[PDB]
Structures are given as C-alpha cells and as structure tokens.
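Everything below concerns the one structure shown next.
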Amino acid sequence: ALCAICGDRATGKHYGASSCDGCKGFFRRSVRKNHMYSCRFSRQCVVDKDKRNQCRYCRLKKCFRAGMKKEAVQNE
Amino acid sequence: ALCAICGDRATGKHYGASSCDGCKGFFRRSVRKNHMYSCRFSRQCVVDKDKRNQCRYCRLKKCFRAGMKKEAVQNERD
DNA sequence: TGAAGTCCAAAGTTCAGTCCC
DNA sequence: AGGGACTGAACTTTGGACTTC
Ligand SMILES: [Zn+2]
Ligand SMILES: [Zn+2]
Ligand SMILES: [Zn+2]
Ligand SMILES: [Zn+2]
C-alpha cells in the first residue's frame with residue numbers, strides 16, 4: 001500500500017487516509033497549529049517522496065484531497 | 001563527544017559523523033552549492049577549532065574522511 | 001489490535017557580524 | 001555604495017520508533 005499523498009510506503013490509515021509516517025505527522029502538526037501555508041507558484045506542485053518537503057501548502061492540500069480530516073486530529 | 005573534524009564540541013551526529021554546528025553547516029553548504037575548493041598549500045592542512053576556516057579544501061576533505069555523506073544533505077526548501 | 005498519541009535524532013532555516021567586489 | 005558570500009548559533013520541522021486508548 002502506498003501513501004495516497006506522496007507515494008511513499010503507507011503505514012496504515014491516518015486521519016482518514018492511507019499515508020506514510022511523514023504525511024501522518026505533517027498533517028497532525030499542521031492542523032494543531034491551524035496552518036494553511038501558501039504556495040509561491042501555481043498551487044500545483046508535485047508532492048512525491050522526494051519533493052514533499054518543497055511546498056507545505058501543496059502537501060497539506062493533497063492530504064485533504066486524499067481524505068484526511070481536521071476532525072480526526074486530537075488536541076494536546 | 002567532540003567533532004571528528006575540528007575537535008570542537010560536537011552537537012550530535014551530522015550527515016553521518018559526530019560534529020559541531022560549524023562543520024555541520026560548512027558541509028551542507030559545500031554540498032548544496034557543489035563548491036570546488038582548492039588548497040594553496042600541500043593539502044595536509046591541520047583542521048582544528050582554531051584553523052578550520054583557514055582552508056576550505058582541507059576541511060571538506062576532513063569532513064568526508066570523518067564519515068560525512070553527500071547523500072545525507074537534502075535539497076534547500078522554503 | 002487500529003489509530004490515535006508522544007519522543008527525539010537529525011534534517012532544515014534564518015540572520016548578525018564581518019569582509020570582498 | 002549596492003551586491004554578494006561565509007560562518008555558526010538560535011530555533012523549527014521532519015519522520016521513524018515507540019506508547020496509549
Ligand atoms: Zn506520504
Ligand atoms: Zn505549491
Ligand atoms: Zn567541527
Ligand atoms: Zn589545505
């Protein structure tokens with residue numbers, strides 16, 4: 001099973017979508033800090049294993065596209 | 001532990017070797033900008049906390065000899 | 001046990017001081 | 001004078017290892 005966000009190896013369902021440990025942590029931290037970030041390009045950046053850290057905005061957007069929900073992220 | 005490159009205090013393992021923040025930073029920049037340093041002397045310069053900035057060629061050479069890996073340096077990001 | 005959570009080593013970024021073109 | 005480059009410390013983000021409900 002591959003990560004629905006970046007294509008890396010998936011470790012199971014996280015926050016509503018199958019994803020790797022990276023996209024898992026990235027999403028949780030983003031939601032808890034209520035970050036939306038911003039893209040400096042056309043908000044259509046390539047989010048794969050190698051470039052996932054190049055644009056937080058696009059990575060986060062794809063997490064939501066993949067099915068992740070803020071609702072699934074807990075406080076603390 | 002100490003920096004395997006210059007002897008200064010090590011802040012942990014960096015790019016594969018125990019090193020300080022100075023050598024950590026130096027290696028990263030050297031790799032990302034693919035700088036081709038040269039040595040004015042015999043390429044046997046002593047690299048310590050004191051002289052580390054005297055010869056970039058030898059400090060980089062020491063970095064690789066100490067275990068730092070080019071592959072461990074990631075691409076710059078925002 | 002599934003899917004939340006936490007921990008933390010090792011990546012990354014910014015920038016003041018300082019000097020060269 | 002404006003443009004550019006380097007160093008290393010302060011501080012943040014990443015993601016794999018492990019823990020709780
Ligand atoms: Zn992923
Ligand atoms: Zn983008
Ligand atoms: Zn050092
Ligand atoms: Zn030298």
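Each chain gets a letter, A, B and so on, in the order the sequences are listed, and its residues count up from 1.
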Counting only side-chain heavy atoms from C-beta out, which of [options] sits nearest to [X]?
X     : options               : answer
A:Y15 : C:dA11, D:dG8, C:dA4  : C:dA4
B:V73 : C:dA4, C:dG12, C:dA10 : C:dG12
B:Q74 : C:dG12, C:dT6, D:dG8  : C:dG12
B:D21 : D:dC6, C:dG5, D:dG8   : D:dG8

_My parser flags sugar pucker from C1'-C2'-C3'-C4'; what should it report for C:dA16, north or south?_
south
*Just curious, C:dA4 north or south if you read off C1'-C2'-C3'-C4'?*
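Here the sugar adopts a north pucker, which is what a positive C1'-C2'-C3'-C4' value indicates.
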Scan [X] against the nucleic acid and name what it touches under 4.0 Å (heavy atoms): base, sugar-phosphate only, or nothing.
X     : value
A:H35 : nothing
B:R29 : base
A:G12 : nothing
B:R56 : sugar-phosphate

*Salt bridge between A:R9 and A:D21, side-chain N to carboxylate O under 4.0 Å?*
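A:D21 and A:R9: not salt-bridged.
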_Closer than 4.0 angstrom, basic N to acidic O: yes or no for A:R40 and B:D78?_
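Yes, charged N to carboxylate O under 4.0 Å.
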*Within a radius of less than 6.0 Å around CZ of A:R65, do more than 12 heavy atoms belonging to other residues, nucleotides or ligands occur?*
yes
Taking only side-chain N and O atoms of [X], does any of them lie within less than 4.0 angstrom of OP1 or OP2 on [N]?
X     : N      : result
B:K33 : D:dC6  : yes
A:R9  : D:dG16 : yes
A:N75 : C:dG5  : no
B:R52 : D:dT7  : no
B:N53 : D:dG8  : yes
B:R32 : C:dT13 : yes

*How far does the helix from C:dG2-D:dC21 to C:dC21-D:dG2 bend, going by the axes of its first and last five pairs, to the nearest 10°?*
30°
Separation of [X] atom [atom1] from [N] atom [atom2], in whole Å?
X     : N      : atom1 : atom2 : result
A:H14 : C:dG5  : NE2   : P     : 11 Å
A:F26 : D:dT14 : CZ    : P     : 6 Å
A:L60 : D:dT13 : CG    : P     : 14 Å
B:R28 : C:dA11 : CZ    : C1'   : 9 Å
B:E76 : D:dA5  : CD    : P     : 13 Å
A:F27 : C:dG5  : CZ    : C1'   : 15 Å

When you measure from the side chain of [X] to the backbone of [Y], do you find a donor-acceptor pair of N or O atoms at a distance under 3.5 Å?
X     : Y     : answer
A:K62 : A:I5  : yes
B:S19 : B:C3  : no
B:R43 : B:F41 : yes

*What about B:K24: does its side chain form a donor-acceptor pair under 3.5 Å with the base of C:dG12?*
yes
_If you assign B:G25 and A:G25 each to the DNA chain D nucleotide with the nearest heavy atom, which residue ends up on the more 5' nucleotide?_
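Mapping each residue to its closest nucleotide by heavy atoms, the 5'-most match is B:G25.
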*Can a donor-acceptor pair be found between the side chains of B:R32 and B:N75 at a distance below 3.5 Å?*
no
*asked:* Tell me if the aromatic rings of A:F26 and A:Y37 count as close, with their centers under 6.0 Å from one another.
replied: yes
